[PDB]
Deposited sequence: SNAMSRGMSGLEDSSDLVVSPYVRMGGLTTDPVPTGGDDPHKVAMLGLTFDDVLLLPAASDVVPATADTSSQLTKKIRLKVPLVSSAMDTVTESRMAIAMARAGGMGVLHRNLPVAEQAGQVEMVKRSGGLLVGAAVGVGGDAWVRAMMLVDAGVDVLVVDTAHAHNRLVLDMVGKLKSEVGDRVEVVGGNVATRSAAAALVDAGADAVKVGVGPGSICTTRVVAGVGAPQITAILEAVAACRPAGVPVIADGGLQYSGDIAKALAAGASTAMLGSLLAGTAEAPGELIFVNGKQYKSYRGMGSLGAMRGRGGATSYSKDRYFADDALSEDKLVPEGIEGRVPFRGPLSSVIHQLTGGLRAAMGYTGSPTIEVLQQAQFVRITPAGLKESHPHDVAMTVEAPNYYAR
C-alpha cells in the first residue's frame, strides 16, 4: 500500500522542512535579564565574535566601510569578490589598518580563485570564505581542502553553502573551520524557483548541526533573516553566527548611493547571481532590487542584538551556548498572523518593526 504522498518509496520525500516563520522559541525558566545576557559566539573554531553577526559577501553589502563598522560593532564583514584581485586585497589592507580589526573575504573555486586567496592571505585576511552555490560539489570540497592544507595555519577557512547533514559532514572531513548554511533562503535568491532546489532554513541548520556539532565545527546561518527574532531562532537551532544581507543593505555603510524615488529613501540590493551583478546565455539565480534606507549600521546592530538579548532573557540563556539548547513550538499559518501585530493600522515608525 502506498506512501500517503505518492509512490512506494517512503524516502522519496525525505523530510518536512521548517523555516523561521514556522517556529517560535519557547519561554523557559530564567535567571537572565536581557541586559545580563552574553552575546559572544564562535565564528570559526579559532575566532570568537562579541556579536554573533557577519555581513554578506555581496557587492551591495560589504566593502571596507561595512567591514570596518561591523568589526567595531563586535561582528565581522566578509568582503565581496565581484572586483579585481588587487582591489579586494587592498580593501583587506584598508580594514587591517583601522586598528587590527577582524575581516573576511570571499573567493570562488579555481586557479584564479587560488591567486585571489593567496593575495588575500598576504594582505592579512583572517577568514577565507569559499563562497559557492553548492558546497557539496566535488570542486568546492577540494578547494576547501587545499586551502586548508596550504595556508590553514595562517588563516581560517569557511565553506558554503550547504543545506544537508551529508554536505556539512563532507566539509568537516575536508577540514572546514566553519560551515555556512543556506541554499535558497536568500531574500534576493531565486534558486528554489529557477532550479527547484533547496531546504527550509530551520531544518537545514538542525541537520548541518547534527553533523558539525559532534566535530566541534561552528555553523553560520546565512540568508532568510528578516527580523531580530530570526537570528535568535537560527542560533537556538544550533547555528553559532548569522550572516545578513538585506538587513544590512539599507544602511549608510553599505556600498551604493541613496535612491530617492517618491520622496522615499532606498538602496540598491542585488543577488550576486543576478544579471546585473554577473556582468545572453547566463542563467541567473538572483534578482536585482532595492530596500528601504535604514540609517547608521550601529543603530541597526543595536536593535538586532537587543532583540537577541530579549530572546535570551525569555529562554533563560545566559550565553549563546545555552540558547543553542532552547526548544521550538511549531506554528500554523494562523499562528504567524497572530505572532506579527494584527488588526491595527501601524501609525508610528518602529525601529525594529
Which bits of the deposited sequence have no atoms placed for their C-alpha?
1 to 30, 310 to 330, 405 to 407
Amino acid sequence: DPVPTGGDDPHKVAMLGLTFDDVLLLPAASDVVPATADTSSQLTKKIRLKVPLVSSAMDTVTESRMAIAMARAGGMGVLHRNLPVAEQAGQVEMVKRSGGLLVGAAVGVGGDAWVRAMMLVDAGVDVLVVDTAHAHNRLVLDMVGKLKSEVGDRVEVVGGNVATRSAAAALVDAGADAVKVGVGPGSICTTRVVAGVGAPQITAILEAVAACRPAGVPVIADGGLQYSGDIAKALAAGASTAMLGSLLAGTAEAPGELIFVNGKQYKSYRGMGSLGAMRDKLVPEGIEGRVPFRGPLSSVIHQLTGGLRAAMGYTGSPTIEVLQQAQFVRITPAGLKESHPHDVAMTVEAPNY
From here on, numbers count along this sequence of modelled residues.
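Take the two forms, find the largest set of C-alpha atoms that superpose within 1.5 Å, and that set is the rigid core.
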Do the Cα atoms of 234 to 242 stray more than those of 136 to 144 in 8 other deposited structures of this protein, or is it the other way round, with the core held fixed?
136 to 144
Taking C-alpha RMS after core alignment, which stretch differs more from the shown form in 8 other deposited structures of this protein: 182 to 190, or 255 to 263?
255 to 263
Counting only other entries that model residues on either side, is residue 280 absent from the coordinates in at least a third?
yes
For the stretches 249 to 257 and 223 to 231, which has the higher mean C-alpha B-factor as given in the deposited record?
249 to 257
Could you settle it for me: does 163 to 171 or 144 to 152 have the higher average Cα B factor in the PDB entry?
144 to 152
Selection from 74, 100, 184, 196 [criterion: highest C-alpha temperature factor in the record]
100
Identity of residue with top Cα B-factor, from 275, 217, 244, 210
275
Split into thirds by Cα B-factor across the chain's modelled residues, where does residue 45 land: lowest, middle or highest?
highest
Taking the values exactly as deposited, rank residue 138 by C-alpha B-factor within its chain and report the matching third: lowest, middle or highest.
middle
Within-chain third of residue 336 by Cα B-factor, per the entry
highest
Could you look up the Cα B-factor of residue 88 in the entry and say which third of the chain it sits in: lowest, middle or highest?
middle
Relative C-alpha B-factor of residue 292, binned into the chain's lowest, middle or highest third:
highest
